[PDB]
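Take a look at this single chain, the form solved without ligand ADP, given in structure tokens.
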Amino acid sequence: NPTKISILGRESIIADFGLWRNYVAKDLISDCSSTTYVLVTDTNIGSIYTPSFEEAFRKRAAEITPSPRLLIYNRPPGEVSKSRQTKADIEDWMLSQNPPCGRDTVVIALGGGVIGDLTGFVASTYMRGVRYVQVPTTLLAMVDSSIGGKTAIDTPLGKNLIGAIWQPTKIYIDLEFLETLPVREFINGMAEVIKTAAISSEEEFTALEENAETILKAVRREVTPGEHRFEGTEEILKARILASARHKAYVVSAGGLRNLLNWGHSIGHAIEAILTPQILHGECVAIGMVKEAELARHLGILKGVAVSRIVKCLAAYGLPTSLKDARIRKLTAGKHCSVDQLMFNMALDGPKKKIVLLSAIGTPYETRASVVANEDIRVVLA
């Protein structure tokens, strides 16, 4: 039942409900032998999950002589802790324990994008490289963030500017984290999930359209204490989620496909650079996919009915589909993205623009990002 997915050779992705409680601690010891296991997380995420883990650790760690140790570090929440100085606070922290954390260390990244990127990057340079595993707590991190080996930190001049490609030895996808993942954060992650489906399998996109109501009903429902948020749809949820992560993994193992993973992001990033941090990545990318789908329709590449499904499906999962979206409006206080600013932020990444184009749901136009004229792009921005 512990669904395993491979990436770049061996299977590092292990997805199932309850891994954090009954499988992680044990697996680390048996597959990631070491004397030191360093866990990184933010105070909030750690005050909730770290406790049950410390216990699951000694349990399975005591059957060994000498017994390995567990050192824990709680960084402040927010994308604040994703900086040159926190990376340093951690490094110096590990280097200070007695005995100092050596090269056998195994770093645990318990958290979302912020925790994953920072933690992943720390291990990549700690004594020129040490093993580490990923335990994404957020949906977005589960299907996109954790997978790929991309790690980095942010600077006053921009996001993810300093970092390295360091693959995680393991990627534990505990779908039980979703049971308590703030609603908004869930809807947020579903943007990439839908993104993946729409660029690879019209049948998977269809299953998303079908399960939308159900999944979203569970996500929003008032869960009675002692009951599992996703009772009855465990398999549905599992399927729809792992399907996205599985595709991400397949692209990583393979610049054609990878480029297709930026569908909606061309315009999405332009939107996000303006609306962040009030509006989240997934939310922007949702609007981004919509616009980029309209462009394909504009070039006569994509058919309208397809554009409708993208929009309907995205909305069915609580995602916004236009900058006119009220929620957005209220959250940004009237922050307005102009066609000029949008076009400016897109070229911030020349005379043309490389936009991922779809000819049909689940079927890309080219096996790469297409080249589209600016004037044609300035038509789908408003």
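All residue numbers are counted from 1 along the displayed sequence. By rigid core we mean the largest C-alpha set that fits within 1.5 Å across both forms.
Positional deviation of Cα atoms in 8 other deposited structures of this protein after core superposition, greater for 7 to 15 or 355 to 363: Of 355 to 363 and 7 to 15, the stretch deviating more in 8 other deposited structures of this protein is 7 to 15.
Of 72 to 80 and 197 to 205, which departs more from this form in 8 other deposited structures of this protein by CA RMS after core fitting: It is 72 to 80 whose C-alphas lie farther from the shown form in 8 other deposited structures of this protein.
Entries skipping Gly350: at least a third of other ones: Looking at the other entries that model residues on either side of it, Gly350 is missing from at least a third.
Gap size between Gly255 and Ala254, counted in deposited residues that the entry leaves unmodelled: Per the record, 4 to 9 deposited residues are absent between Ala254 and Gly255.
Unmodelled stretch of the deposited sequence separating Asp349 from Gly350, binned as none, 1 to 3, 4 to 9 or 10 or more: Gap size class: 4 to 9 residues without coordinates, per the record.
Per the entry, higher mean C-alpha B factor between 150 to 158 and 215 to 223: Between 150 to 158 and 215 to 223, it is 150 to 158 that shows the higher mean C-alpha B-factor.
Mean C-alpha B-factor comparison - 242 to 250 and 75 to 83, higher one: Stretch with the higher mean C-alpha B-factor: 75 to 83.
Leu299, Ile115, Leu181, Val290, ranked by C-alpha B-factor: the highest one: Answer, based on the entry's C-alpha B-factors: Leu299.
Among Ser30, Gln341, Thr41, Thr36 - the residue whose C-alpha B-factor is largest in the record: In this record, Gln341 carries the highest C-alpha B-factor of the candidates.
Cα B factor band for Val371 (lowest, middle or highest third within the chain): It belongs to the highest third of the chain when residues are ordered by C-alpha B-factor.
Chain third (lowest, middle, highest) by recorded CA B-factor, residue given as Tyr49: Ranked within chain, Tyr49 CA B lands in the highest tercile.
Third assignment of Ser6 from its chain's C-alpha B-factors: CA B-factor rank for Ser6: middle third.
Ranked C-alpha temperature factor of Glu202 among modelled chain residues, by third: Answer is middle: the recorded C-alpha B-factor places it there.
Modelled-residue ranking by C-alpha temperature factor, third containing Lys195: Lowest third of the chain for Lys195's C-alpha B-factor.
Beyond what is shown, the protein has a form solved in complex with ligand ADP; the following relates to that form.
The unique member of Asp89, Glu294, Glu185, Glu209 whose heavy atoms fall within 4.5 Å of ligand ADP in the deposited complex: Selected option: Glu185.
Listed residue (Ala197, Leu181, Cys101, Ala218) with a non-hydrogen atom within 4.5 angstroms of ligand ADP in the deposited complex: The residue in contact is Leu181.
Segment that reaches ligand ADP in the deposited complex - one of 134 to 142, 237 to 245, 219 to 227, 304 to 312, heavy atoms within 4.5 Å: Correct option: 134 to 142.
is_contact(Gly163, ligand ADP) in the deposited complex, heavy atom dist at most 4.5 Å: Judged by the heavy-atom cut-off of 4.5 Å, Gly163 is well away from ligand ADP in the deposited complex.
4.5 Å heavy atom contact, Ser52 and ligand ADP in the deposited complex: Looking in the deposited complex, residue contacts with ligand ADP do not include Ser52, since no heavy atom lies within 4.5 Å.
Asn44: touches ligand ADP in the deposited complex, heavy atom cutoff 4.5 angstroms: Because a heavy atom of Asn44 falls inside 4.5 Å of ligand ADP in the deposited complex, the answer is yes.
4.5 angstroms heavy atom contact with ligand ADP in the deposited complex for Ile48: Yes, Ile48 sits close enough to ligand ADP in the deposited complex that at least one of its heavy atoms falls within 4.5 Å.
Whether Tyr73, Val130 and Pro168 all lie within 4.5 angstroms of ligand ADP in the deposited complex by heavy atom: Zero of three within 4.5 Å in the deposited complex.
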